[PDB]
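Student: Right, I'll just put the structure down here and ask away after.
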Amino acid sequence: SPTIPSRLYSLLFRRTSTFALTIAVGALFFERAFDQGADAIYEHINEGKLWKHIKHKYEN
Amino acid sequence: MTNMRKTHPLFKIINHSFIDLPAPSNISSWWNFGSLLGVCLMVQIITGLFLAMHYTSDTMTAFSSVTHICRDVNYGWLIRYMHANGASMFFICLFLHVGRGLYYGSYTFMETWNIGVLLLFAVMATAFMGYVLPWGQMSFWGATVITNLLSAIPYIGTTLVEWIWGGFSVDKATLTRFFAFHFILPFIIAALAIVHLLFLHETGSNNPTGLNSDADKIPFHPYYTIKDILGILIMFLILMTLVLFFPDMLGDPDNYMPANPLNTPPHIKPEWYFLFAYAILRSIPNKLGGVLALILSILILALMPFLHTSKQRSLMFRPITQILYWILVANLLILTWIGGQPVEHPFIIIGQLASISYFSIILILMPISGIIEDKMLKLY
Amino acid sequence: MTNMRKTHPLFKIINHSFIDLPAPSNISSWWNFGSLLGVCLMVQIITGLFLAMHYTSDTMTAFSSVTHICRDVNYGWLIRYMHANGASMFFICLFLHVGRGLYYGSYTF
Amino acid sequence: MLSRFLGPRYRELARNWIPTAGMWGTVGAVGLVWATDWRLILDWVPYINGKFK
Amino acid sequence: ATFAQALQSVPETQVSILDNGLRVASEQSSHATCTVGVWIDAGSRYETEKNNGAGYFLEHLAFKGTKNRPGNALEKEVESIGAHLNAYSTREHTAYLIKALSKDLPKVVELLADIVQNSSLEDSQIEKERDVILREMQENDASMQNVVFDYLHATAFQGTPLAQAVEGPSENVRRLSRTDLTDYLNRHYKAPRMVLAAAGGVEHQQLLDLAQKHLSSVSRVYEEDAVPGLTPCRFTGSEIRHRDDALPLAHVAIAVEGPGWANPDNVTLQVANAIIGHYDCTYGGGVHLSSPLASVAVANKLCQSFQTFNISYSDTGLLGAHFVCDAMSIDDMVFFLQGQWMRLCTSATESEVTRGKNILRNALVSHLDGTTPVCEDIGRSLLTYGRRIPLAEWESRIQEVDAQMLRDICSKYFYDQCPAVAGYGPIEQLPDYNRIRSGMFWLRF
Amino acid sequence: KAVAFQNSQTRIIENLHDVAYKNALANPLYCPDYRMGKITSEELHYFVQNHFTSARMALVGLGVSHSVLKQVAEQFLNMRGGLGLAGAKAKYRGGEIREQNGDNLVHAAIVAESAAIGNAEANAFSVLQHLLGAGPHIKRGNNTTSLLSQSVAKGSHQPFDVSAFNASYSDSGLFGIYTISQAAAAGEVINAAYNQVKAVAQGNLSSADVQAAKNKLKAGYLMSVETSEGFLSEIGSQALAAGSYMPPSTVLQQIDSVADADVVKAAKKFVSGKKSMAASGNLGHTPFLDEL
Amino acid sequence: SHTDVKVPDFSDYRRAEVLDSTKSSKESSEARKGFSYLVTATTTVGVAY
Ligand code: HEM
Ligand code: HEM
Ligand code: HEM
């Protein structure tokens with residue numbers, strides 16, 4: 001069985017256009033995943049202090 | 001010893017571009033005009049800088065600051081009307097420069113021509129935002145009309161227009177960002193003009209005969225130095241007789257009223273050098289059609305080097321295409337006259353025929369005429 | 001023939017200044033700093049241009065326009081504080097660039 | 001457009017370079033919908049549906 | 001009288017095997033002369049860096065006296081019949097070949113049986129040939145393409161026996177003894193690695209009878225049963241540069257790893273080389289040459305010469321280009337050369353492939369002309385492939401190549417590969433390895 | 001011309017022909033330096049119109065039938081005139097050119113007039129060439145049967161190379177000795193080779209050496225006609241020189257018809273003939289023609 | 001002599017999968033290129049974000 005970077009080079013990293021397509025698709029999924037992770041980390045650090053954690057007591 | 005002019009790395013470029021540059025000996029006064037444009041650019045920048053030390057880009061105070069410049073700053077009226085009539089002189093010299101390039105076949109220098117049409121677009125945008133800047137009645141309504149017709153682009157046009165406005169209409173943010181952009185674009189124009197000079201200096205200048213002038217070239221200094229100085233003096237004579245004697249013959253009186261969003265003027269115009277394009281913009285009863293008509297009416301100069309079908313570069317020995325060229329200048333003047341007229345009979349049909357004739361002469365009639373002229377000389 | 005990077009008159013200037021320019025192999029990180037200065041200059045210009053899109057040079061409204069940038073313009077506080085701290089970063093890079101020139105004998109140019 | 005580039009060799013060159021051109025067009029389309037955050041495209045990709053874009 | 005049945009009309013190479021295992025192969029023609037050679041599967045790849053000059057020094061010593069023909073007698077009855085005696089050593093093969101008349105065919109064979117079997121290695125002759133080899137390496141130092149190809153092997157096959165030269169270093173030449181030469185002979189001159197090849201006016205049954213009478217009962221047994229093996233050689237993407245600005249011209253070789261002898265892709269790669277071709281300053285074609293590299297080298301006055309090579313060893317090789325040019329053109333030449341490679345990886349059309357196929361067909365048929373290159377091809381064919389590949393098989397393998405598999409093979413062996421670079425002379429404008437490695441792929445593809 | 005003159009023996013052969021002939025064989029194969037930049041198109045047209053005529057051409061084909069070759073011959077090669085210009089018979093002068101250029105090796109060639117193509121004596125001269133050494137037969141050999149190498153090698157401890165030079169043209173001949181030696185020992189090498197040829201000219205030779213020289217000549221001819229290029233060059237040369245195709249068996253028969261007394265006569269003709277010398281290198285110790 | 005030169009040992013710098021000179025390349029070149037280009041691609045993704 002080949003190594004995972006060997007498969008990535010054989011499929012995606014060989015041609016420059018496929019390299020750019022992989023970069024763009026990874027940019028979308030990386031943006032979404034990092035936005036989720038960073039928002040979760042910041043909200044976990046600031047539990048009970050943000051407006052979105054206390055707005056249910058005033059929505060009536 | 002060492003010749004300092006040809007060895008010092010700052011003086012070497014100045015030498016190669018202005019002193020020991022081999023220029024054609026037979027270029028007429030029309031070749032002065034581009035240098036005049038550079039001088040006009042510097043003049044505009046200098047006058048613009050001395051307008052910027054007292055102008056305020058606030059909608060409450062812009063008209064008040066302009067009147068304060070005209071009435072309380074020492075010789076501030078002089079600098080303001082020099083700036084306005086120097087913009088008009090810039091467009092006069094620009095139109096004659098483009099006409100020289102069209103007549104003498106100078107568009108075969110393709111990179112120089114394309115950097116030129118980029119410079120022309122930048123100068124038109126700079127003059128438009130500068131005319132918006134005094135915040136008169138005419139400035140506000142001209143900006144409103146131009147952006148409202150720019151909103152004709154499908155699916156992005158309203159978003160793009162509200163992004164340019166920074167709001168629902170032409171407001172304080174529009175005036176402040178127009179001040180910033182009008183300040184910053186002439187330096188980009190100066191850099192693009194440096195690129196323009198470099199792309200010309202790879203190959204030398206054209207001559208009115210259109211032939212290879214390598215056998216007869218002279219140094220730029222002192223011949224074209226003193227010729228450009230004389231042209232600068234004549235252009236300054238026309239500029240100062242425009243400023244000191246008829247300071248409002250080219251402007252609009254309604255720009256001396258403050259900007260009223262509630263009051264609309266009975267007839268809305270841009271300043272005169274836009275007017276022909278405005279006529280083309282209203283020669284089609286479709287908003288997208290008029291917008292693309294304006295864009296291709298400016299970009300047809302960029303399309304021009306691919307339409308040259310003659311074996312002779314210049315029009316000095318080509319009388320039929322000379323006749324077609326002067327008919328083109330004629331209906332360009334006609335479109336300039338129509339653009340300042342209101343939209344009734346017979347201005348609508350005259351402007352439609354003038355736009356059709358303009359596009360048909362540039363697109364169709366000149367290459368066919370060049371083919372016929374090649375057939376007459378037993379070349380085709 | 002097709003070596004456009006060294007035949008195109010615009011592209012040969014960028015080539016001769018940034019691609020085929022012979023540079024010493026052993027220059028340390030101090031030689032980075034001047035390039036940083038140019039980039040920092042660009043940053044200042046860009047931030048200043050956006051700061052010029054909402055600032056009024058009137059004594060009754062200059063402070064008000066600065067507060068309006070910092071409060072009401074979307075990420076206007078970011079642009080203003082990048083401009084101020086980029087001025088500070090520009091002077092840091094100037095001091096280190098001048099110190100490199102003093103230390104390594106570069107003033108003989 | 002011109003008679004210089006008409007023939008079998010130029011057709012073979014176009015057939016050689018057409019999947020690369022299509023892949024670059026796909027790269028440009030994905031980059032455009034990524035930079036502009038085009039909702040009509042991005043509200044069909046399953047993972048980024050929670051971004052409301 | 002078509003090309004296919006003309007290649008069918010070529011006589012078949014007839015191969016037999018003796019009792020000790022040495023191959024005997026012959027091809028018959030109507031020529032009155034003949035070429036009879038002995039090919040031994042031995043070279044500098046089989047040496048272990050203590051006897052690195054051994055095969056070279058033995059081929060120097062082979063014609064200077066044997067046990068039954070001492071001293072200069074072997075010269076006297078090789079040239080009393082007008083025969084010509086030649087020998088050469090590559091990194092993998094050794095050849096001793098005689099050009100003679102057909103009627104002198106028996107004696108020539110036993111002369112070969114006197115050379116590879118009963119050589120007498122006299123010590124004063126060892127000293128004389130040691131001095132001769134030292135000054136002959138001094139002569140070879142001033143030929144820049146030999147230096148560049150040795151540098152290319154040394155930087156492409158680092159840490160392996162394929163890096164070292166056939167001649168070896170000068171210190172080994174100074175300290176090789178007679179015992180090491182006898183050990184080299186008794187290790188590598190074995191019967192199952194020997195082919196007696198003959199071409200021209202040779203009767204195969206007569207040649208087989210003479211090989212049975214003269215070449216039998218030799219070797220076939222390792223005395224300590226220490227059977228050697230041929231380990232694979234690692235290719236290393238690297239660069240060597242020997243800068244010396246006093247030389248008038250600069251020689252640069254750039255290569256990638258080849259596939260080896262047994263891979264059929266060599267044929268396709270040969271067609272690729274035929275698309276790029278060669279050029280020298282005395283070529284009469286000028287600007288109208290079909291090769292784009294040669295045409296742009298004429299038009300821009302870039303190179304003194306260039307050539308393309310596909311050197312193959314046992315499952316390895318060097319596939320690349322060598323050019324000599326002045327300093328101020330070097331980088332520009334590299335640029336155009338790399339462009340041609342990427343064109344063959346991306347935009348190979350059928351017209352240039354057909355031209356390369358015709359060039360390769362003409363090249364191999366023109367090379368197989370005369371008794372000496374036919375016998376040379378027979379010896380290499382039985383040493384490498386184990387058989388003599390007929391010329392119709394070569395034509396079929398050429399004609400099965402089209403533009404699609406040429407693009408595939410060129411992309412597999414060329415695109416995004418780390419090359420080996422060797423440079424000698426005014427090579428200051430020779431670009432960096434990073435720039436060359438970036439030029440080995442295209443961002444537009 | 002620069003690539004051809006990169007090696008010294010080309011210039012030696014050019015200078016030797018210029019020494020040996022007054023005209024019509026002393027014209028150089030390569031263009032002179034002053035004539036570069038001056039050869040015009042009408043000179044080429046004049047040369048082609050006066051020398052590329054039908055009676056001086058032979059069309060030779062290997063791998064084609066006679067019908068195709070003769071029909072392209074009647075469709076192309078019928079528009080030319082005749083025998084063209086005659087020539088100038090290539091009269092002999094002799095002399096010496098010494099080109100001092102400070103090389104590490106001295107190249108010298110001493111030649112005399114010999115028989116032309118078609119004379120039987122020229123065949124004897126060929127045998128005499130293989131009596132004296134016309135090239136090595138072993139890669140890195142000692143040239144044991146070469147008489148010149150045996151005569152020079154006993155008195156030389158430094159590298160040398162001596163051979164016999166033979167050049168037969170349609171009206172003339174040039175047989176001589178080529179020597180390459182060190183600068184300090186050129187005189188003894190040249191004198192030893194000349195004394196070897198003088199000893200051959202006095203009837204001091206073995207019949208076994210004549211038989212070995214004949215075998216060398218026959219093997220050289222049969223190896224020269226071995227390839228298709230050499231075969232077609234031989235056919236074209238025979239068709240131009242004699243107008244007929246001579247079989248190789250007949251060539252070997254007239255080689256075997258040569259007597260050893262003819263070899264003695266050829267060596268005596270070289271010895272008694274007027275000499276022509278072309279030398280190059282550091283010629284401080286290279287002897288002159290009267291000093292031999 | 002030009003045959004006297006030898007490339008020195010680079011085994012302190014070489015990767016583990018190219019450290020042995022008796023084994024071939026091209027069954028590990030794609031892995032090394034994939035690792036380096038994965039580093040480059042992840043850098044490009046971060047810069048693009
Ligand atoms: C960087 C240099 C420039 C600066 C700083 C500048 C600045 C200004 C300022 C402050 C005004 C408002 C004052 C007024 O009402 O006249 C103005 C007006 C104007 N500017 Fe500029 N300007 C510059 C260059 C130019 C150029 C190159 C043009 C020509 C394309 C131009 C065309 C105009 C026009 C048409 C007006 C309107 C004048 C009027 O009120 O009638 N400016 N400029
Ligand atoms: C921003 C305003 C412009 C400036 C400052 C400018 C500057 C110059 C200068 C200094 C020259 C050399 C002197 C001369 O031949 O007149 C020149 C020539 C030229 N310019 Fe411009 N230019 C401008 C606009 C344009 C435009 C809009 C075009 C395109 C239509 C253009 C096309 C050319 C051409 C083709 C020449 C060559 C003249 C010839 O050899 O015939 N320029 N320009
Ligand atoms: C042409 C480009 C530039 C423009 C248009 C520009 C414009 C402005 C504007 C409008 C302000 C006021 C807004 C504010 O207070 O933050 C400002 C502040 C400032 N600028 Fe610039 N600027 C430019 C370049 C620079 C440069 C190159 C520097 C020096 C590194 C610089 C240093 C500063 C400083 C120190 C402040 C004060 C920051 C503060 O206290 O808030 N600017 N600039």
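We count from 1, first residue shown onward.
The backbone N, Cα and C atoms fix where each Cβ goes, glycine too.
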Student: Labelled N6-acetyllysine in Swiss-Prot - which residue from F:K38, F:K139, F:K154 would that be?
Tutor: F:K38
Student: Looking at F:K22, F:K89, F:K265, F:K275, which is the one Swiss-Prot tags with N6-acetyllysine?
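Tutor: Swiss-Prot annotates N6-acetyllysine at F:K89; the rest carry no such entry.
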Student: Using Cα coordinates, what distance in whole Å links F:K89 (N6-acetyllysine) and F:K38 (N6-acetyllysine)?
Tutor: 27
Student: Taking each of F:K38, F:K89, F:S207 in turn, which of these modified residues have a Cβ less than 8 Å away from a Cβ in chain B?
Tutor: none
Student: Between F:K38 (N6-acetyllysine) and F:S207 (phosphoserine), how far is it from one CA atom to the other, in Å?
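Tutor: Here the two Cα atoms are 56 Å apart.
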Student: Using DSSP and collapsing to three states, where does F:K89 (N6-acetyllysine) fall: helix, strand or coil?
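Tutor: F:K89 (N6-acetyllysine) sits in coil per DSSP, no helix or strand.
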